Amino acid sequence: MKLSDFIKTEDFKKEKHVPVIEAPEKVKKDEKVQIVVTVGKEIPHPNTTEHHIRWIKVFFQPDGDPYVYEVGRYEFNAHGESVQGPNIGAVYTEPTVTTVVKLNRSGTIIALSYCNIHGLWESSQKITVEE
């Protein structure tokens, strides 16, 4: 068994779990780049104590390199839990994140997200960096 037998892709217009990347197509070398990743972008995903998106992580795959590099892991850790009961707490964290990178070579952005009951999901997008 390989992990990727359990990492799903899909069309975000059909599937709430798909992590959707927003990033520029092309950037200057070393400039700060905003990458937004959102689960439940078009089709909403629940955020209850019982059912919620736990995290998004982002990898960068430089063209011609053997590896990926973990840009970050972004955890969404409040889901309405409380002593007074599930789903009546004060705070919820939505599965939306903006991270900022500086790139100096072209590559591929890969988003991986995790639901507490619906497993792993991915998407990817090329980014071109000026030479």
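Residue numbers run from 1 along the displayed sequence.
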{"query": "Higher-B stretch (mean Cα B-factor, as the entry records it), 94-102 or 81-89", "finding": "81-89"}
{"query": "Higher-B stretch (mean Cα B-factor, as the entry records it), 5-13 or 110-118", "finding": "5-13"}
{"query": "Per the PDB entry, maximal CA B factor within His51, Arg54, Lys57, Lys29", "finding": "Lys29"}
{"query": "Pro62, C-alpha B-factor rank within chain (lowest, middle or highest third)", "finding": "middle"}
{"query": "Chain third (lowest, middle, highest) by recorded CA B-factor, residue given as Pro46", "finding": "middle"}
